[PDB]
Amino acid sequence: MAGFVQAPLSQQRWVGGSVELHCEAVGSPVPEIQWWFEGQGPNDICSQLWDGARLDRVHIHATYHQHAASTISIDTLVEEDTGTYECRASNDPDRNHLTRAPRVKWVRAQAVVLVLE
């Protein structure tokens, strides 16, 4: 099982500024962390972020020594960076690949980031 020892923090930021969200988890084995995101307005859905996203303004750095630590950073914010950011952790051996596996459940921890002019 994976468990959170630090959740990301909701916060108010400015267009052209920047944001940094942090997430930490424990388990044995040491769990994996991903970051997920969902904009505002009931047309946006929860999908995975990746290192280099949004024209290379999104950066994700992770370490896995004894526990999982992950920092997501975003350069030069724009209003549409507004939304909910979700850290997910799991040490389930099947979480990746494809498998006809049912399971596949990660623990989630959300922060909301609001970007204002």
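One rule holds for the numbers: they count along the sequence shown, beginning at 1.
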Between 23-31 and 44-52, the record assigns the higher mean Cα B factor to 44-52
Quick note on 65-73 and 87-95: per-entry mean CA temperature factor is higher in 87-95
Hey, what third does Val113 fall into on Cα B-factor, ranked over its chain?
middle
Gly16: which third of its chain by C-alpha temperature factor?
middle
